[PDB]
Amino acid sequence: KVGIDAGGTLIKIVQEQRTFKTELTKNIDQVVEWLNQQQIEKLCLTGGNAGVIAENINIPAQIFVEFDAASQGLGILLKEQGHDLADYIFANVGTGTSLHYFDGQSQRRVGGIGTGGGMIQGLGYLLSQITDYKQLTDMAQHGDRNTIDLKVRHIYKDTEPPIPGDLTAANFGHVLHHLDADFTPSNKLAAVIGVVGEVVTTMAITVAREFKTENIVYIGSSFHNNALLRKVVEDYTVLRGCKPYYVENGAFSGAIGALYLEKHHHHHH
């Protein structure tokens, strides 16, 4: 069997040892072409575009809701990778961002936000005219956010501030103080990644506090080829007294979960 998580931007495919593959959601027809060349008895599907695959191929399919599939696959990966966490927030930073509290037994969605990988690509395109994901993310890595973002220390100056001075006070809030600066593509893109990372993290640490867990597990393809994003998120998570976890193949959590859920759907009473 095959597990497929057909998301808003990427289609994640898991073949069973696991073989991992991705395809762009825009190229969903090419996934169907690939499937038609395999010897597959059943599709285990999840994600927003699961229905599009199912209706376009004659292989029997079963669909699972992404939140439960992602939680189940993530729980499997965490254990494989040596983590025995009692509870955690997980933040699925996909095309958009979905936040979940896992209490040790099951997941509940506790929030979400439109700041995620889609914004990185879209706002990154508006600021740089780069459409290629590897080019965009590579360009951002070494950007300097200092002429773009305002820190608390910039507002309070010689007065000791009421919250730590190094914190971002206003994303893009320094632009009007640097109107003669060279706002390079790298610098602008670093600031896009900065705001996305800071928003995701802020929401994750807030729901971590609300649900009384110190653990925050970050998954999603948005971290791929984006070490800057991983650092923005890791650093701020630690600053706010929580423990960040990244997961090898975590972006395939849903696909793994779909396979697992299909397998255990069979029972009787």
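We number the residues from 1 along the sequence you see.
- Unmodelled deposited residues between residue 248 and residue 249: none, per the record.
- Of the two segments, 110-118 and 155-163, the one listed with the higher mean B-factor is 155-163 (C-alpha atoms only).
- In this entry, 46-54 has the higher mean Cα B-factor, the comparison being between 197-205 and 46-54.
- Across 226, 36, 237, 221, the greatest Cα temperature factor reported in the deposited entry is at 36.
- Of the candidates 73, 104, 143, 94, the PDB record gives 104 the highest C-alpha temperature factor.
- Per-chain ranking of the deposited C-alpha B factor places residue 149 in the lowest third.
- Per the deposited record, the Cα B-factor of residue 129 falls in the middle third when ranked against the other modelled residues of its chain.
- Sorting the modelled residues of the chain by their CA temperature factor places residue 175 in the lowest third.
- For residue 81, the recorded CA B-factor ranks within the highest third of the chain. Only modelled residues enter the ranking.
- In the PDB entry, a CA B factor belonging to the lowest third of its chain's modelled residues is recorded for residue 232.
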